[PDB]
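One file, final_16.cif, is given below (mmCIF, N, CA and C atoms and all ligand atoms).
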data_model
#
loop_
_atom_site.group_PDB
_atom_site.id
_atom_site.type_symbol
_atom_site.label_atom_id
_atom_site.label_comp_id
_atom_site.auth_asym_id
_atom_site.auth_seq_id
_atom_site.Cartn_x
_atom_site.Cartn_y
_atom_site.Cartn_z
ATOM 1 N N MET A 1 19.656 3.087 -7.153
ATOM 2 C CA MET A 1 20.762 2.485 -6.430
ATOM 3 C C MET A 1 20.269 1.754 -5.179
ATOM 4 N N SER A 2 19.382 2.421 -4.455
ATOM 5 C CA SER A 2 18.828 1.849 -3.240
ATOM 6 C C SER A 2 17.527 2.567 -2.871
ATOM 7 N N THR A 3 16.548 1.776 -2.457
ATOM 8 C CA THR A 3 15.257 2.320 -2.073
ATOM 9 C C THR A 3 14.540 1.367 -1.115
ATOM 10 N N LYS A 4 13.614 1.932 -0.353
ATOM 11 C CA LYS A 4 12.853 1.147 0.604
ATOM 12 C C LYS A 4 11.364 1.457 0.442
ATOM 13 N N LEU A 5 10.633 0.461 -0.038
ATOM 14 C CA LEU A 5 9.203 0.613 -0.246
ATOM 15 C C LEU A 5 8.591 -0.751 -0.564
ATOM 16 N N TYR A 6 7.345 -0.918 -0.143
ATOM 17 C CA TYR A 6 6.637 -2.165 -0.376
ATOM 18 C C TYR A 6 5.137 -1.919 -0.551
ATOM 19 N N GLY A 7 4.692 -2.038 -1.794
ATOM 20 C CA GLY A 7 3.288 -1.832 -2.109
ATOM 21 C C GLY A 7 2.996 -0.352 -2.369
ATOM 22 N N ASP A 8 3.712 0.197 -3.338
ATOM 23 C CA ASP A 8 3.541 1.596 -3.695
ATOM 24 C C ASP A 8 2.543 1.704 -4.849
ATOM 25 N N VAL A 9 1.843 2.830 -4.881
ATOM 26 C CA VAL A 9 0.859 3.070 -5.922
ATOM 27 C C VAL A 9 1.507 3.867 -7.057
ATOM 28 N N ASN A 10 2.032 5.027 -6.696
ATOM 29 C CA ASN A 10 2.681 5.890 -7.670
ATOM 30 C C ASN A 10 4.194 5.853 -7.450
ATOM 31 N N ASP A 11 4.645 4.770 -6.834
ATOM 32 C CA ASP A 11 6.061 4.600 -6.559
ATOM 33 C C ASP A 11 6.584 5.835 -5.823
ATOM 34 N N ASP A 12 5.797 6.288 -4.859
ATOM 35 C CA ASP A 12 6.167 7.454 -4.075
ATOM 36 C C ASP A 12 6.794 6.999 -2.756
ATOM 37 N N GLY A 13 6.124 6.054 -2.114
ATOM 38 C CA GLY A 13 6.603 5.526 -0.847
ATOM 39 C C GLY A 13 5.889 4.219 -0.495
ATOM 40 N N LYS A 14 4.569 4.255 -0.599
ATOM 41 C CA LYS A 14 3.763 3.086 -0.294
ATOM 42 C C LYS A 14 2.302 3.374 -0.645
ATOM 43 N N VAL A 15 1.486 2.334 -0.551
ATOM 44 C CA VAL A 15 0.071 2.462 -0.855
ATOM 45 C C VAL A 15 -0.691 2.815 0.424
ATOM 46 N N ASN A 16 -1.173 4.048 0.465
ATOM 47 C CA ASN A 16 -1.919 4.523 1.618
ATOM 48 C C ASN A 16 -2.995 5.507 1.156
ATOM 49 N N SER A 17 -3.625 6.146 2.131
ATOM 50 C CA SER A 17 -4.671 7.111 1.840
ATOM 51 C C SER A 17 -4.194 8.091 0.764
ATOM 52 N N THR A 18 -2.927 8.464 0.870
ATOM 53 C CA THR A 18 -2.338 9.391 -0.082
ATOM 54 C C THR A 18 -2.579 8.908 -1.514
ATOM 55 N N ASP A 19 -2.523 7.596 -1.679
ATOM 56 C CA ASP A 19 -2.732 6.997 -2.986
ATOM 57 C C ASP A 19 -4.177 6.504 -3.093
ATOM 58 N N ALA A 20 -5.040 7.127 -2.302
ATOM 59 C CA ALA A 20 -6.446 6.762 -2.296
ATOM 60 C C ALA A 20 -7.066 7.122 -3.648
ATOM 61 N N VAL A 21 -6.486 8.132 -4.280
ATOM 62 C CA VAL A 21 -6.970 8.582 -5.574
ATOM 63 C C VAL A 21 -6.940 7.412 -6.559
ATOM 64 N N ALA A 22 -5.743 6.884 -6.768
ATOM 65 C CA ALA A 22 -5.566 5.766 -7.679
ATOM 66 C C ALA A 22 -6.305 4.544 -7.131
ATOM 67 N N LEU A 23 -6.537 4.569 -5.827
ATOM 68 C CA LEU A 23 -7.232 3.474 -5.169
ATOM 69 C C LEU A 23 -8.687 3.442 -5.640
ATOM 70 N N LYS A 24 -9.383 4.540 -5.383
ATOM 71 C CA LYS A 24 -10.778 4.650 -5.774
ATOM 72 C C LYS A 24 -10.944 4.145 -7.208
ATOM 73 N N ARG A 25 -9.980 4.506 -8.044
ATOM 74 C CA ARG A 25 -10.006 4.098 -9.438
ATOM 75 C C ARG A 25 -9.724 2.599 -9.557
ATOM 76 N N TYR A 26 -8.873 2.117 -8.664
ATOM 77 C CA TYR A 26 -8.512 0.709 -8.659
ATOM 78 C C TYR A 26 -9.638 -0.144 -8.070
ATOM 79 N N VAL A 27 -10.213 0.359 -6.987
ATOM 80 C CA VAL A 27 -11.298 -0.343 -6.322
ATOM 81 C C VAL A 27 -12.463 -0.514 -7.298
ATOM 82 N N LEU A 28 -12.764 0.565 -8.005
ATOM 83 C CA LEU A 28 -13.850 0.549 -8.970
ATOM 84 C C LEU A 28 -13.541 -0.481 -10.061
ATOM 85 N N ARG A 29 -12.288 -0.481 -10.490
ATOM 86 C CA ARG A 29 -11.853 -1.405 -11.525
ATOM 87 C C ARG A 29 -10.366 -1.202 -11.826
ATOM 88 N N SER A 30 -9.873 -1.993 -12.768
ATOM 89 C CA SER A 30 -8.476 -1.911 -13.157
ATOM 90 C C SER A 30 -8.340 -1.107 -14.452
ATOM 91 N N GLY A 31 -8.141 0.192 -14.286
ATOM 92 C CA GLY A 31 -7.994 1.078 -15.429
ATOM 93 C C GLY A 31 -6.664 1.832 -15.370
ATOM 94 N N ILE A 32 -6.301 2.235 -14.161
ATOM 95 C CA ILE A 32 -5.061 2.963 -13.954
ATOM 96 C C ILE A 32 -3.902 1.970 -13.853
ATOM 97 N N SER A 33 -2.710 2.517 -13.675
ATOM 98 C CA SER A 33 -1.517 1.693 -13.562
ATOM 99 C C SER A 33 -0.849 1.925 -12.205
ATOM 100 N N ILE A 34 -0.747 0.849 -11.439
ATOM 101 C CA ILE A 34 -0.134 0.921 -10.125
ATOM 102 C C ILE A 34 0.701 -0.338 -9.885
ATOM 103 N N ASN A 35 1.629 -0.225 -8.945
ATOM 104 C CA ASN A 35 2.496 -1.342 -8.613
ATOM 105 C C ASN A 35 1.732 -2.331 -7.729
ATOM 106 N N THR A 36 0.670 -2.883 -8.297
ATOM 107 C CA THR A 36 -0.150 -3.841 -7.575
ATOM 108 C C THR A 36 0.648 -5.114 -7.282
ATOM 109 N N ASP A 37 1.820 -5.193 -7.892
ATOM 110 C CA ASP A 37 2.685 -6.344 -7.707
ATOM 111 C C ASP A 37 2.712 -6.724 -6.226
ATOM 112 N N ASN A 38 3.325 -5.856 -5.435
ATOM 113 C CA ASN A 38 3.426 -6.088 -4.004
ATOM 114 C C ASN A 38 2.627 -5.014 -3.261
ATOM 115 N N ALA A 39 1.433 -4.752 -3.770
ATOM 116 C CA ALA A 39 0.565 -3.754 -3.167
ATOM 117 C C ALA A 39 -0.404 -4.443 -2.204
ATOM 118 N N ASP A 40 -0.844 -5.628 -2.604
ATOM 119 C CA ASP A 40 -1.770 -6.397 -1.790
ATOM 120 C C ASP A 40 -0.990 -7.436 -0.983
ATOM 121 N N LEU A 41 -1.514 -7.736 0.197
ATOM 122 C CA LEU A 41 -0.879 -8.709 1.071
ATOM 123 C C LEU A 41 -1.954 -9.434 1.884
ATOM 124 N N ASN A 42 -3.178 -9.360 1.385
ATOM 125 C CA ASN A 42 -4.298 -10.002 2.052
ATOM 126 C C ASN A 42 -5.378 -10.334 1.021
ATOM 127 N N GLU A 43 -4.954 -10.400 -0.232
ATOM 128 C CA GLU A 43 -5.871 -10.706 -1.319
ATOM 129 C C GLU A 43 -7.014 -9.691 -1.349
ATOM 130 N N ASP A 44 -6.639 -8.422 -1.299
ATOM 131 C CA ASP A 44 -7.619 -7.350 -1.320
ATOM 132 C C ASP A 44 -7.381 -6.473 -2.550
ATOM 133 N N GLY A 45 -6.109 -6.303 -2.881
ATOM 134 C CA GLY A 45 -5.735 -5.495 -4.028
ATOM 135 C C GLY A 45 -4.719 -4.420 -3.633
ATOM 136 N N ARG A 46 -5.110 -3.610 -2.661
ATOM 137 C CA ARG A 46 -4.248 -2.543 -2.185
ATOM 138 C C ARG A 46 -4.448 -2.330 -0.683
ATOM 139 N N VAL A 47 -5.335 -1.399 -0.363
ATOM 140 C CA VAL A 47 -5.628 -1.090 1.027
ATOM 141 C C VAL A 47 -7.099 -0.691 1.156
ATOM 142 N N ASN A 48 -7.939 -1.699 1.336
ATOM 143 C CA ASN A 48 -9.367 -1.470 1.476
ATOM 144 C C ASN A 48 -9.641 -0.791 2.820
ATOM 145 N N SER A 49 -8.815 -1.135 3.799
ATOM 146 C CA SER A 49 -8.957 -0.569 5.130
ATOM 147 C C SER A 49 -8.114 -1.365 6.129
ATOM 148 N N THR A 50 -7.969 -2.650 5.840
ATOM 149 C CA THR A 50 -7.194 -3.528 6.700
ATOM 150 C C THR A 50 -5.700 -3.225 6.564
ATOM 151 N N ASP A 51 -5.251 -3.168 5.320
ATOM 152 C CA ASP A 51 -3.853 -2.890 5.040
ATOM 153 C C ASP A 51 -3.588 -1.394 5.230
ATOM 154 N N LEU A 52 -4.521 -0.593 4.735
ATOM 155 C CA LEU A 52 -4.401 0.851 4.843
ATOM 156 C C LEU A 52 -3.831 1.210 6.216
ATOM 157 N N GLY A 53 -4.441 0.638 7.243
ATOM 158 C CA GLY A 53 -4.007 0.887 8.607
ATOM 159 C C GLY A 53 -2.546 0.477 8.801
ATOM 160 N N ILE A 54 -2.304 -0.817 8.649
ATOM 161 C CA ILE A 54 -0.960 -1.350 8.803
ATOM 162 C C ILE A 54 0.022 -0.482 8.014
ATOM 163 N N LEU A 55 -0.470 0.058 6.909
ATOM 164 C CA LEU A 55 0.349 0.905 6.061
ATOM 165 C C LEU A 55 0.722 2.177 6.824
ATOM 166 N N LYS A 56 -0.304 2.934 7.184
ATOM 167 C CA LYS A 56 -0.101 4.173 7.916
ATOM 168 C C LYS A 56 0.478 3.855 9.296
ATOM 169 N N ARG A 57 0.577 2.565 9.579
ATOM 170 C CA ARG A 57 1.108 2.117 10.854
ATOM 171 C C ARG A 57 2.618 1.890 10.749
ATOM 172 N N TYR A 58 3.007 1.199 9.688
ATOM 173 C CA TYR A 58 4.413 0.908 9.460
ATOM 174 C C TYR A 58 5.071 2.004 8.619
ATOM 175 N N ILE A 59 4.283 2.566 7.716
ATOM 176 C CA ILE A 59 4.775 3.622 6.847
ATOM 177 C C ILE A 59 5.040 4.878 7.679
ATOM 178 N N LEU A 60 4.610 4.822 8.931
ATOM 179 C CA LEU A 60 4.795 5.943 9.836
ATOM 180 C C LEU A 60 6.284 6.286 9.919
ATOM 181 N N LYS A 61 7.101 5.245 9.882
ATOM 182 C CA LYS A 61 8.542 5.421 9.952
ATOM 183 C C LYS A 61 9.226 4.059 9.814
ATOM 184 N N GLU A 62 8.588 3.052 10.395
ATOM 185 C CA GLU A 62 9.121 1.701 10.346
ATOM 186 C C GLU A 62 9.366 1.279 8.896
ATOM 187 N N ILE A 63 8.771 2.036 7.985
ATOM 188 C CA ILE A 63 8.914 1.752 6.566
ATOM 189 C C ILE A 63 10.307 1.173 6.306
ATOM 190 N N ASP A 64 10.354 -0.147 6.200
ATOM 191 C CA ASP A 64 11.610 -0.833 5.951
ATOM 192 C C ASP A 64 11.382 -2.345 6.011
ATOM 193 N N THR A 65 10.476 -2.740 6.895
ATOM 194 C CA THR A 65 10.155 -4.147 7.059
ATOM 195 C C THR A 65 8.640 -4.356 7.027
ATOM 196 N N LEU A 66 7.935 -3.456 7.696
ATOM 197 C CA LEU A 66 6.485 -3.531 7.751
ATOM 198 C C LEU A 66 6.073 -4.760 8.563
ATOM 199 N N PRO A 67 5.820 -4.522 9.878
ATOM 200 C CA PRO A 67 5.418 -5.598 10.769
ATOM 201 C C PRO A 67 3.962 -5.996 10.526
ATOM 202 N N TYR A 68 3.714 -6.509 9.329
ATOM 203 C CA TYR A 68 2.374 -6.932 8.959
ATOM 204 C C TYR A 68 1.660 -7.589 10.142
ATOM 205 N N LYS A 69 0.562 -6.968 10.550
ATOM 206 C CA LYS A 69 -0.218 -7.480 11.665
ATOM 207 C C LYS A 69 -1.702 -7.212 11.407
ATOM 208 N N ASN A 70 -2.535 -8.031 12.031
ATOM 209 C CA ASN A 70 -3.975 -7.893 11.881
ATOM 210 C C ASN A 70 -4.492 -6.865 12.888
ATOM 211 N N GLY A 71 -5.728 -6.441 12.669
ATOM 212 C CA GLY A 71 -6.350 -5.463 13.546
ATOM 213 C C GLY A 71 -7.615 -4.883 12.910
HETATM 214 CA CA CA A 101 2.679 6.739 -2.365
HETATM 215 CA CA CA A 102 -3.814 -5.698 1.045
#

Any chance you could give the structure as structure tokens?
Amino acid sequence: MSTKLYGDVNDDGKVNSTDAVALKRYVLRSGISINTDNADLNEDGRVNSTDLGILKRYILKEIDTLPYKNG
């Protein structure tokens, strides 16, 4: 009916360290199944470290818009 998430791995909430498991598998190659659709936002794939941060940064609670920023 309604949900808020952007770039989820296991469609839990978002792609972060928590989804590092599927990440390691994804980083190595494309074998698993993840919502890579809107998982990448810097042509990386998911969260190599640049997004990971912004993720744990916005996913902290702001999870709704995600103030995508560099750092
Ligand atoms: Ca998740
Ligand atoms: Ca990314």

Go through the shown structure with the PyMOL selection byres (((not hetatm)) within 6 of (chain A and resi 101)) and write out the matching residues as a compact mmCIF listing (two decimals) with N, CA and C atoms, in the frame of the given file.
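Full text of out.txt as output:
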# COMPACT_ATOMS: atom_id res chain seq x y z
N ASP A 8 3.71 0.20 -3.34
CA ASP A 8 3.54 1.60 -3.70
C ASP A 8 2.54 1.70 -4.85
N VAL A 9 1.84 2.83 -4.88
CA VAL A 9 0.86 3.07 -5.92
C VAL A 9 1.51 3.87 -7.06
N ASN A 10 2.03 5.03 -6.70
CA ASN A 10 2.68 5.89 -7.67
C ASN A 10 4.19 5.85 -7.45
N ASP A 11 4.64 4.77 -6.83
CA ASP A 11 6.06 4.60 -6.56
C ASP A 11 6.58 5.84 -5.82
N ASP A 12 5.80 6.29 -4.86
CA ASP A 12 6.17 7.45 -4.08
C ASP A 12 6.79 7.00 -2.76
N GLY A 13 6.12 6.05 -2.11
CA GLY A 13 6.60 5.53 -0.85
C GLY A 13 5.89 4.22 -0.50
N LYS A 14 4.57 4.26 -0.60
CA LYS A 14 3.76 3.09 -0.29
C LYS A 14 2.30 3.37 -0.64
N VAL A 15 1.49 2.33 -0.55
CA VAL A 15 0.07 2.46 -0.86
C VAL A 15 -0.69 2.82 0.42
N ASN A 16 -1.17 4.05 0.46
CA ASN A 16 -1.92 4.52 1.62
C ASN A 16 -3.00 5.51 1.16
N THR A 18 -2.93 8.46 0.87
CA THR A 18 -2.34 9.39 -0.08
C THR A 18 -2.58 8.91 -1.51
N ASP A 19 -2.52 7.60 -1.68
CA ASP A 19 -2.73 7.00 -2.99
C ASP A 19 -4.18 6.50 -3.09

For this session: Name each residue within 7 Å of ligand CA 102 (chain A), counting only N, CA and C atoms and all ligand atoms, as a ChimeraX atom specification.
Result: /A:39-48,50-52

Keeping only N, CA and C atoms, write those residues as a tab-separated table (two decimals), in the coordinates of the input.
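Generated output (selection-v8.tsv):
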chain	number	residue	atom	x	y	z
A	39	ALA	N	1.43	-4.75	-3.77
A	39	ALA	CA	0.56	-3.75	-3.17
A	39	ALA	C	-0.40	-4.44	-2.20
A	40	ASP	N	-0.84	-5.63	-2.60
A	40	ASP	CA	-1.77	-6.40	-1.79
A	40	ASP	C	-0.99	-7.44	-0.98
A	41	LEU	N	-1.51	-7.74	0.20
A	41	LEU	CA	-0.88	-8.71	1.07
A	41	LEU	C	-1.95	-9.43	1.88
A	42	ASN	N	-3.18	-9.36	1.38
A	42	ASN	CA	-4.30	-10.00	2.05
A	42	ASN	C	-5.38	-10.33	1.02
A	43	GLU	N	-4.95	-10.40	-0.23
A	43	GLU	CA	-5.87	-10.71	-1.32
A	43	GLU	C	-7.01	-9.69	-1.35
A	44	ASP	N	-6.64	-8.42	-1.30
A	44	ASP	CA	-7.62	-7.35	-1.32
A	44	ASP	C	-7.38	-6.47	-2.55
A	45	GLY	N	-6.11	-6.30	-2.88
A	45	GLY	CA	-5.74	-5.50	-4.03
A	45	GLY	C	-4.72	-4.42	-3.63
A	46	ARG	N	-5.11	-3.61	-2.66
A	46	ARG	CA	-4.25	-2.54	-2.18
A	46	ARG	C	-4.45	-2.33	-0.68
A	47	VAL	N	-5.34	-1.40	-0.36
A	47	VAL	CA	-5.63	-1.09	1.03
A	47	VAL	C	-7.10	-0.69	1.16
A	48	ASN	N	-7.94	-1.70	1.34
A	48	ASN	CA	-9.37	-1.47	1.48
A	48	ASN	C	-9.64	-0.79	2.82
A	50	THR	N	-7.97	-2.65	5.84
A	50	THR	CA	-7.19	-3.53	6.70
A	50	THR	C	-5.70	-3.22	6.56
A	51	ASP	N	-5.25	-3.17	5.32
A	51	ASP	CA	-3.85	-2.89	5.04
A	51	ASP	C	-3.59	-1.39	5.23
A	52	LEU	N	-4.52	-0.59	4.74
A	52	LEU	CA	-4.40	0.85	4.84
A	52	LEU	C	-3.83	1.21	6.22

Exercise. How far is it from atom N of residue 34 of chain A to atom N of residue 6 of chain A, in Å with one decimal?
Worked result: 14.0 Å

Exercise. Quick one: DSSP alpha helix (DSSP H) residues in chain A, as a ChimeraX atom specification?
Worked result: /A:20-28,50-58

For this session: Starting from the shown file, work through the PyMOL selection byres (((chain A and resi 54) around 8) and not hetatm) and note down what comes out as a PyMOL selection string.
Result: chain A and resi 49-53+55-60+66-71

For this session: To one decimal in Å, tell me the separation between atom CA of residue 36 of chain A and atom C of residue 17 of chain A.
Result: 15.1 Å

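Atom CA of residue 4 of chain A lies 25.1 Å from atom CA of residue 25 of chain A.
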
Starting from 6 Å padding per side, set up an axis-aligned box that covers all listed atoms of segment 25-38 of chain A and hand over centre and edge lengths in Å, one decimal, as AutoDock Vina command-line options.
--center_x -5.2 --center_y -1.1 --center_z -9.3 --size_x 29.3 --size_y 23.2 --size_z 24.2

Problem set entry | Selected residue, from A:32, A:5, A:27, A:20, that lies nearest to residue 63 of chain A when counting only N, CA and C atoms |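 Counting only N, CA and C atoms, the residue closest to residue 63 of chain A is A:5.
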
Exercise. Out of A:1, A:24, A:64, A:7, which residue has the shortest atom-to-atom distance to residue 37 of chain A when counting only N, CA and C atoms?
Worked result: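 That would be A:7, the residue with the smallest distance to residue 37 of chain A.
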
Missing atoms in segment 46-64 of chain A should be modelled up to N, CA, C and O atoms and reported as an mmCIF file, in the coordinates of the input.
data_model
loop_
_atom_site.group_PDB
_atom_site.id
_atom_site.type_symbol
_atom_site.label_atom_id
_atom_site.label_comp_id
_atom_site.auth_asym_id
_atom_site.auth_seq_id
_atom_site.Cartn_x
_atom_site.Cartn_y
_atom_site.Cartn_z
ATOM 1 N N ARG A 46 -5.110 -3.610 -2.661
ATOM 2 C CA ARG A 46 -4.248 -2.543 -2.185
ATOM 3 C C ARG A 46 -4.448 -2.330 -0.683
ATOM 4 O O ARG A 46 -3.811 -2.994 0.133
ATOM 5 N N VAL A 47 -5.335 -1.399 -0.363
ATOM 6 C CA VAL A 47 -5.628 -1.090 1.027
ATOM 7 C C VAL A 47 -7.099 -0.691 1.156
ATOM 8 O O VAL A 47 -7.433 0.491 1.095
ATOM 9 N N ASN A 48 -7.939 -1.699 1.336
ATOM 10 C CA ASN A 48 -9.367 -1.470 1.476
ATOM 11 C C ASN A 48 -9.641 -0.791 2.820
ATOM 12 O O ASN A 48 -10.568 0.008 2.939
ATOM 13 N N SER A 49 -8.815 -1.135 3.799
ATOM 14 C CA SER A 49 -8.957 -0.569 5.130
ATOM 15 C C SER A 49 -8.114 -1.365 6.129
ATOM 16 O O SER A 49 -7.628 -0.814 7.114
ATOM 17 N N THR A 50 -7.969 -2.650 5.840
ATOM 18 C CA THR A 50 -7.194 -3.528 6.700
ATOM 19 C C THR A 50 -5.700 -3.225 6.564
ATOM 20 O O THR A 50 -5.006 -3.053 7.565
ATOM 21 N N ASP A 51 -5.251 -3.168 5.320
ATOM 22 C CA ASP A 51 -3.853 -2.890 5.040
ATOM 23 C C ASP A 51 -3.588 -1.394 5.230
ATOM 24 O O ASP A 51 -2.572 -1.007 5.805
ATOM 25 N N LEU A 52 -4.521 -0.593 4.735
ATOM 26 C CA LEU A 52 -4.401 0.851 4.843
ATOM 27 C C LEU A 52 -3.831 1.210 6.216
ATOM 28 O O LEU A 52 -2.876 1.979 6.314
ATOM 29 N N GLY A 53 -4.441 0.638 7.243
ATOM 30 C CA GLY A 53 -4.007 0.887 8.607
ATOM 31 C C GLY A 53 -2.546 0.477 8.801
ATOM 32 O O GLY A 53 -1.692 1.318 9.076
ATOM 33 N N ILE A 54 -2.304 -0.817 8.649
ATOM 34 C CA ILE A 54 -0.960 -1.350 8.803
ATOM 35 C C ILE A 54 0.022 -0.482 8.014
ATOM 36 O O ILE A 54 1.175 -0.326 8.413
ATOM 37 N N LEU A 55 -0.470 0.058 6.909
ATOM 38 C CA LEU A 55 0.349 0.905 6.061
ATOM 39 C C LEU A 55 0.722 2.177 6.824
ATOM 40 O O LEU A 55 1.899 2.440 7.065
ATOM 41 N N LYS A 56 -0.304 2.934 7.184
ATOM 42 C CA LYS A 56 -0.101 4.173 7.916
ATOM 43 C C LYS A 56 0.478 3.855 9.296
ATOM 44 O O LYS A 56 0.814 4.763 10.056
ATOM 45 N N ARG A 57 0.577 2.565 9.579
ATOM 46 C CA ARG A 57 1.108 2.117 10.854
ATOM 47 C C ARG A 57 2.618 1.890 10.749
ATOM 48 O O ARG A 57 3.378 2.333 11.610
ATOM 49 N N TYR A 58 3.007 1.199 9.688
ATOM 50 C CA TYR A 58 4.413 0.908 9.460
ATOM 51 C C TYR A 58 5.071 2.004 8.619
ATOM 52 O O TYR A 58 6.248 2.311 8.805
ATOM 53 N N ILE A 59 4.283 2.566 7.716
ATOM 54 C CA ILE A 59 4.775 3.622 6.847
ATOM 55 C C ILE A 59 5.040 4.878 7.679
ATOM 56 O O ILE A 59 5.616 5.845 7.183
ATOM 57 N N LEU A 60 4.610 4.822 8.931
ATOM 58 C CA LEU A 60 4.795 5.943 9.836
ATOM 59 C C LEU A 60 6.284 6.286 9.919
ATOM 60 O O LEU A 60 6.651 7.456 10.013
ATOM 61 N N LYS A 61 7.101 5.245 9.882
ATOM 62 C CA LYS A 61 8.542 5.421 9.952
ATOM 63 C C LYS A 61 9.226 4.059 9.814
ATOM 64 O O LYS A 61 10.288 3.951 9.203
ATOM 65 N N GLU A 62 8.588 3.052 10.395
ATOM 66 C CA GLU A 62 9.121 1.701 10.346
ATOM 67 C C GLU A 62 9.366 1.279 8.896
ATOM 68 O O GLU A 62 10.069 0.303 8.639
ATOM 69 N N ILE A 63 8.771 2.036 7.985
ATOM 70 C CA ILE A 63 8.914 1.752 6.566
ATOM 71 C C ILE A 63 10.307 1.173 6.306
ATOM 72 O O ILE A 63 11.282 1.915 6.209
ATOM 73 N N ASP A 64 10.354 -0.147 6.200
ATOM 74 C CA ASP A 64 11.610 -0.833 5.951
ATOM 75 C C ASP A 64 11.382 -2.345 6.011
ATOM 76 O O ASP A 64 12.013 -3.100 5.276
#
